[PDB]
Amino acid sequence: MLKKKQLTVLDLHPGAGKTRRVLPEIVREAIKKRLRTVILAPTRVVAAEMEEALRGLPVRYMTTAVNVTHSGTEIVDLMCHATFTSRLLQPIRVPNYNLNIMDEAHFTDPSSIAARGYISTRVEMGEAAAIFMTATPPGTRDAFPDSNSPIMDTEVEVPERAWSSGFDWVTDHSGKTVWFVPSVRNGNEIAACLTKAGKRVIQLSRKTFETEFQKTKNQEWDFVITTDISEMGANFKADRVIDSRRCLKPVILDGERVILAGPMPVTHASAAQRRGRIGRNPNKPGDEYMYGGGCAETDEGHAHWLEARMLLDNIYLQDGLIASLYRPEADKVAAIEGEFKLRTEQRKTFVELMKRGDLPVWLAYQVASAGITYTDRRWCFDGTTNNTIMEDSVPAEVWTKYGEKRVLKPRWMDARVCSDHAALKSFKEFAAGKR
Ligand SMILES: OCc1ccc(-n2cnc3ccccc32)cc1
């Protein structure tokens, strides 16, 4: 695998030991061959699990998820997918890694797709080697891969709302269930219904995942209600997955706004990862996978692949060359390489709107490309009436940094800034000039 110009897809089935068995063998070989190596973890939770798998090996943990004293002599770096792409975008030196290892390489967040684009382009140029570790590479059509123990697969109607009757199988279960929902708001309603029926429920989503995932270890629980973030190497001692088989799809309409379309079917890769949360213990056969819909290739025309192009157009590779998307996922977007390349000062603005602003990539791009500076929030208030953001069925209002109460009416509307109470709170703080 470690030979230059090679990209290896390590596609062992979920739970086959890619992270805890194969990765340390790769890292030992890389250190023997003096290969400057990066390991990319999808989440801080996975970064911390990797530290335990790699304990004893000289690895620099570029994450405060790991409390360690480095020797200063490590040639293997470990960081999150998003940290890698973030450092590439910023005026910070990123070494030209001889070996690029991406764990949970199916992750479809924009920064992960961009990282795979950059890495696969370096390999195609003859500059580097890469290993992409995932049971579900792009375009996989198999939702039911192999497992460590037999799984009971059942197609069944799954609730997406509070229910009073007709789903006794949900609550009659005496084990632990991981339940994949299409959104935070949908999970909130299911979680409230289970709580009212006497169940102990933990909710996971992107913003809460590091903090809340620890509860799955520290407290007894009956249900984990999760969004798709638990597709990225989240491990549970569970005996059942309930899978809506539904997700939200960010869609750019008419180049001018982002909507959260659906819910609609998950990809086969997502469904396989959701199912792959169970059947992991060869001593516990008959874990259950209950699934409530079919799969579809809903990654086609998904905003994340366009956002990945906006990130890659703004990463230096060599002169004016621009990294391509990883070939198997390159058709998911109709984009022109370089169309989103910003001049130096607009690029800095773009980066700060994502990093400090915490805005979605698409929205950061609209603001930066308009020649707006990071602290200029006038655009949060001067949009069309149809861009009015609602809070409890009334227009949302903030006090501007000038001390004026104004209706939130962004010039560019991206549904992800108000998809749940926490998102809208963060966007209100941004519009007010509070970060
Ligand atoms: O680019 C942002 C960012 C992310 C991670 C870190 N970081 C945390 N612990 C570290 C140890 C070694 C090198 C970098 C480290 C710094 C900066």
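In each ligand, atom 1 is the first atom listed, and ligand 1 is the first ligand listed. Count residues from 1 along the sequence.
With values rounded to the nearest 0.5 angstrom, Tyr326 atom OH is found 13.0 Å from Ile113 atom CD1.
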Steps toward side chain to side chain donor-acceptor pair (under 3.5 Å) verdict (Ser147, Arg275):
CA-CA 9 Å; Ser147 48; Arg275 176 171 179 272; 5.1 Å; no
Checking salt bridge (charged side-chain N to carboxylate O under 4.0 Å, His left out) for the pair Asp299/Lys249: CA distance, chi angles, key distance, verdict?
CA-CA 8 Å; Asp299 284 351; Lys249 183 190 175 172; over 6 Å; no
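Residue contact check: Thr63 has heavy atoms under 4.0 Å from atoms 8 (C), 9 (N) of ligand 1.
Closest to atom 4 (C) of ligand 1 among all protein heavy atoms lies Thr83 CG2, 3.9 Å. The shortest contact between atom 14 (C) of ligand 1 and any protein heavy atom is with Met62 CG, 3.9 Å. The protein heavy atom nearest to atom 1 (O) of ligand 1 is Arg87 NH1, 2.9 Å. If you check which protein heavy atom lies closest to atom 11 (C) of ligand 1, you get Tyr61 O, 3.6 Å.
Comment: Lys207 engages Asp358 in a salt bridge, judged by a side-chain N to carboxylate O separation of less than 4.0 angstrom. With respect to the salt-bridge test (charged N to carboxylate O, under 4.0 angstrom), the residues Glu124 and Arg327 do not qualify.
Contacts of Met79 with ligand 1, taken as heavy-atom pairs under 4.0 Å, are absent altogether.
Ring orientation note: the planes of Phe144 and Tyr289 are nearly perpendicular, at an angle over 60° on the 30°/60° scale.
Taking only nitrogen or oxygen atoms, main chain and side chain alike, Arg60 does not reach within less than 3.5 Å of ligand 1.
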